[PDB]
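no sequence for this one, just the structure:
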């Protein structure tokens, strides 16, 4: 579950 | 008007648990298993990168101005320093995409140097992918023999490195970039390296991916607006290159200071900075094109698998566009359809312009007065436009990959999530589409967001995902997403429909998943659920959650006992909804698994008893569950239950009754379950146990989104009815036309025993003495269908009725043992399913259906009249008749709900108001022979008066019970042997039948309207059971049938 980053 | 008593709005047994033609789903059948296609676990990594650079500086090869490379002027530095920096720059340029990988550089190399470079890279990244970037600008073009060009030590000759040898040095998991003229040559060669076959596509086999700059004949640009490094600067520095191209072409260039593009503020990461927000739009734009352009399989391989390949193929679509302008057609090996001038680059062009203007004033001062671009709002609005108009399987929505990018930023997260659920709601196909785009992990990560703004949407999204693919269990537990929904159960955030979803989502997380069982068990999910047990869908699902939580996991089974779950579940076994009760039986059933008493024996006895109460339930759905829970119990207590079967052929003798009861259940799927239970005991290894179905059917509710013609044919029949009610009453009905309108041969050997004229169509239903059913048409002279109501050996017909006459009739068939079977589509030539079948009376059964109240009254040679509410499928009441002899006849008033008439074996007559605390209203003798009341009914009207009391004696006694006990009017139809009576529903008319071959018709005041005499067809002299007489319910037609083999219809001219 990844490829594009999410802000946290 | 008052005639709405004649015209009841109650519909019954037309719910989803009673479904029809292309779904045996209803229950008995197991749930529809799926096979997913979005499954590539191998998130591939490019571990090694091999940058080769063949540019002899100030040495044009003999196939010949722009000469910028990696954004460096190689003539500014002198050749060796130039080439050092380009080497580094170009590493850094790639490095930004896959920073956790090793980059090795080779500047103007020998073939030996390229051999080792490649050999070491393969040895470095064993299974991991290896990138081979090649740049042959200062060397000759690739050959038709498939050759890269390199050097010799002295730089005197150009040496051709053949592609075959490269392909042997690197291997399977690898990707090549070719920034050179005539680049196709290399791919055409690569294609010819291996023996054709080994795939079902254009021409592939391995995992060799290839990106080439231009076609075979073509040459890279010379114009100074471009660098030499165009393809590489598209692929590797896309944003910088995309804007520099935008200036030099579109706006004409000299207005906008082009060197501001180098000095764009912020970084590529912050979507709140102008650089990163531009970078984010580009990713979003490019990814979107790829998704719409490609198929599922190829897209997922290039654009979703390897962070580097994803980036290289995204950035390739920019090359597709830029290179096209410079007389160049780039090609990848997985070939991909034409990308340039898609309707989405338009959106990029617009966002770039709005950016590039702003850049002028943001340099004047770091004001950070950076208005976010509308792009992300605008596209989400285009997704709403799709969701209303054309919202079908009418090609995908196109904005879907952009909604996913929005989930990465709080800026539009809520409205994206909202619109995503809106999209997910329209069916599994949409969930399949979402999960193809790659929604799963971002929506999964959001299960650590405390924002209560979101949660009601997140539960709805996770409901829909788990409704399709059960298998997400494993991830949800592994990240601790199970806690999210357990909160939501206990949350003060209202709405129990949202909580059923929460309970369902947990049911699926737990379902056959001991890691999920344990992790929910720790999280007190028993306690949470049992707290709520003190709305129906929510109750249904609270039980199914618990049922799954105990199932075969005995630590939870114990926790449930000492949390007194039996004490809180068992009261749902009485609930009006079968769906609740069946789910309640499931939960108690899964709590299972000489003279001894430990904690559990007390529970397991108290359980089975409370389940055995529900063995005789009026819903198959429930009985199916009770039989499964009995099978479970039976497995563990073979020892006892065999000894119980010995003496029959404490609580174990109760079970064996119920097994044989189930074995001879009407509904054959319940029957064949009871026969399974019997075989588990040894009357005629876990794998033999039948499996509960209630969970599986309920789950189908969610995988399904969360009319006018219904009322059309409803009012059709009501108009016809009202008109023909009046026409029955107000017509001066003349004498009977003895000329019949049929004498139909059933081929019933013993003959016809009961019949039933259809209101709104030209149909007769008849019944044999062994319950064969025909559907004869009288206007066509044709059969419509045949039957065998139940295959059991003991036959015997009691009643035919219609149910829901006002919208698609269902045929009720009462058997003399009190079994009641309701059929859909009986009028169709073969297709006719048993909707529901239960056993009233728990003998000579008599039955009556009262559409007004939804009640089915039933009794016979018993002390009690038993009442069934078919909306609930529940035995609502046992009224004692108070007679000490048999109920021979039973009529329910159509006008007055609850009220009931009953004729008796001793000639007696009784009213009941079944809704009263004392139900017997009055009890009157009328006619005085002490022979049985063959037939009775309420007078055609709107009062509690009664035709009634045709006795077998022969007298048809009329009476009004508001005023006096004795008879209003007597008619002596027959000297003995009254075999049947027919009273009309609205027309003032009746008829009676004799065992002396004879039929008679009377006005309601009692005038001989006509005699008929059924003659025998051979000299048996046995027309002694003129058993069926029955009027049409809206016209004056008379059907009639005997102990011969004919059903003749008459009228009144």
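That came through fine. Numbers count the residues shown, from 1 in each chain, chains lettered A, B, ... in the order given.

just give me the neighbour total for the residue in the stretch 851-1000 of chain B that chain A sits nearest to.
Nearest to chain A in the stretch 851-1000 of chain B, going by Cβ to the nearest Cβ, is residue B:873, at a distance of 45.8 Å. No exception for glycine: its C-beta is placed from N, CA and C like everyone else's. Residue B:873 is flanked by 24 other residues according to other Cβ atoms under 10 Å in any protein chain shown.

check contacts around it.
Counting by Cβ atoms under 8 Å, 6 or more residues apart in numbering or on different chains, residue B:873 touches B:578, B:617, B:618, B:619, B:622, B:836, B:838.

ok, it to residue B:73 distance?
When distance is defined by Cβ to Cβ, to the nearest Å, residue B:873 is 86 Å away from residue B:73.

I figured residue B:786 hits residue B:773, correct?
Yes. With contact defined as Cβ atoms under 8 Å, residue B:786 counts as touching residue B:773 (7.1 Å).

looking at the two, which is more packed in?
Between residue B:786 and residue B:773, counted using other Cβ under 10 Å, the more crowded position is residue B:773 (21 against 13).

got the contact list for the more buried one?
B:765, B:766, B:767, B:785, B:786, B:787, B:788, B:789, B:811, B:813, B:823, B:826.

which residues of the stretch 301-450 of chain B lie near chain A?
Within reach of chain A by Cβ under 8 Å from any Cβ of the partner chain, the stretch 301-450 of chain B has these residues: B:304, B:307, B:310, B:404-405, B:407-410, B:438, B:440-442, B:444-445, B:448.

let's see 10 Å
By Cβ under 10 Å from any Cβ of the partner chain, the residues of the stretch 301-450 of chain B that approach chain A are B:303-307, B:310-311, B:404-405, B:407-411, B:413, B:438, B:440-446, B:448-449.

now the buried members of those.
The neighbour count (16 or more other Cβ atoms under 10 Å in any protein chain shown) marks B:303-307, B:310-311, B:404-405, B:407-409, B:413, B:438, B:440-446 as buried among these.

now intersect those residues with the helices, please.
Members of these lying in helices (criterion: DSSP state H): B:303, B:307, B:310-311, B:404-405, B:413, B:440-445.

now for these: which two are most distant?
Between any two of those, the greatest separation by Cβ to Cβ is 24.2 Å, found for B:311 and B:413.

name the SS class of residue 7, please.
Just going to use chain A. Classification of residue A:7 using DSSP: H, G, I helix; E, B strand; the rest coil returns coil.

my question was about chain B, not that one.
Applying three-state DSSP: residue B:7 is coil.

give the contact list for it.
By Cβ atoms under 10 Å, 6 or more residues apart in numbering or on different chains, the residues touching residue B:7 are B:1, B:717, B:718, B:721, B:722, B:725, B:805, B:806, B:851, B:852, B:894.

which of these sits closest to residue B:925?
Residue B:925 lies nearest to residue B:894 out of the contacts of residue B:7, by Cβ to Cβ, at 25.6 Å.

tell me where the stretch 451-600 of chain B has helices.
Remark: helices assigned in the stretch 451-600 of chain B by DSSP state H, counting those that start in this stretch are B:452-468, B:473-478, B:482-490, B:496-510, B:514-522, B:525-532, B:536-550, B:554-561, B:565-569, B:578-590, B:599-612.

now for the one residue in the stretch 951-1053 of chain B that gets nearest to chain A, how many residues are close by?
For the stretch 951-1053 of chain B and chain A, the shortest gap (Cβ to the nearest Cβ) falls at residue B:1033, measuring 64.8 Å. By other Cβ under 10 Å, 22 other residues sit near residue B:1033.

over to residue B:688?
10.

likewise for residue B:450?
Residue B:450 sits with 9 neighbouring residues when counted by other Cβ under 10 Å.

ok, it - contacts?
With Cβ under 10 Å, 6+ apart, residue B:450 has these contacts: B:484, B:487.

secondary structure element holding the residue nearest to residue B:144 when sequence neighbours are not counted?
Nearest residue to residue B:144, sequence neighbours excluded (Cβ to Cβ, 6 or more residues apart in numbering or on different chains): residue B:185, at 6.4 Å. Assigned by DSSP states H and E, residue B:185 falls within helix B:184-192.
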